[PDB]
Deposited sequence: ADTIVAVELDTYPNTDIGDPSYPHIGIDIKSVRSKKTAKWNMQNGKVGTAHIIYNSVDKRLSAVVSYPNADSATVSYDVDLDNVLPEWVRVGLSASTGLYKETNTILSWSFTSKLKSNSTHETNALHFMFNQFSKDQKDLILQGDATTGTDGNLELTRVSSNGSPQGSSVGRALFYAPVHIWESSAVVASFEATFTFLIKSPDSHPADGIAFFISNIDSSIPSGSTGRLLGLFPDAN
């Protein structure tokens, strides 16, 4: 199977697989069962911002998820990603729906990685996604160009989201996530998202993830698996 590190914005509690009984953000290390979660007051139909940060000095993966008129949710986990990820990775966004549904609309995405050894750097910023975006690998249901946005999961022409959908967007270039020689390795990711449901239970969520370079949507990974994992282990 793939190697996954992710930050999940989990809109739907799957009590049976160890989610808390509320919408939550979490840190996923090689399992959909988050090593750490925080309660998240997801605002149906509002544009939110996710900020993800890590550096090889603190070795602490942290995320903040926020809306304009509101308190942030934040979650952190101490993990040495040198011991988890391969040296070279792809970075991506992933989203899914199951019996329940939501738009998994990405309005912007930026990423920066640095190896300060003589610094190697990578930075990309998408504030507009276009119809034939050749620096993105789209997987499953993911599409670009609709209002300059990335729709990770299936949405109708009138803006109605579909169930049993899964989709991912990976940056085309492999990323040098860690290097043994590096004295400082850091990365940060920012995305803006619009999660909207007619349902009283939106599902299932959006994740920022880092994977082996050849990562693909695992078979059946709609619903609670967020397009990331082959099972709930």
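The deposited chain is incompletely modelled, with C-alpha atoms absent only over 118-121.
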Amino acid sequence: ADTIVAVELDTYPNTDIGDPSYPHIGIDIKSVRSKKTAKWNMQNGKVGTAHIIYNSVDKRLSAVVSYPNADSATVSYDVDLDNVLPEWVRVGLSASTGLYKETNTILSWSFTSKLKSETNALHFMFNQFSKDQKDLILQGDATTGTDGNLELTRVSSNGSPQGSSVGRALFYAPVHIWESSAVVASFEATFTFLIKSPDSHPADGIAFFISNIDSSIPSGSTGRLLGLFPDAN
From here on, numbers count along this sequence of modelled residues.
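Higher mean CA B-factor, judged across 88-96 and 141-149 from the recorded values: 141-149. Higher mean CA B-factor, judged across 62-70 and 169-177 from the recorded values: 62-70. Of the candidates 113, 104, 119, 108, the PDB record gives 119 the highest C-alpha temperature factor. Ranked within its chain, residue 6 lands in the lowest third, by CA B factor from the PDB record. When the modelled residues of the chain are ordered by C-alpha B-factor, residue 216 sits in the middle third. For residue 183, the recorded CA temperature factor ranks within the highest third of the chain's modelled residues. Compared with the other modelled residues of the chain, the Cα B-factor recorded for residue 57 ranks in the middle third. Annotation for residue 200: CA B-factor lies in the highest third of the chain's modelled residues.
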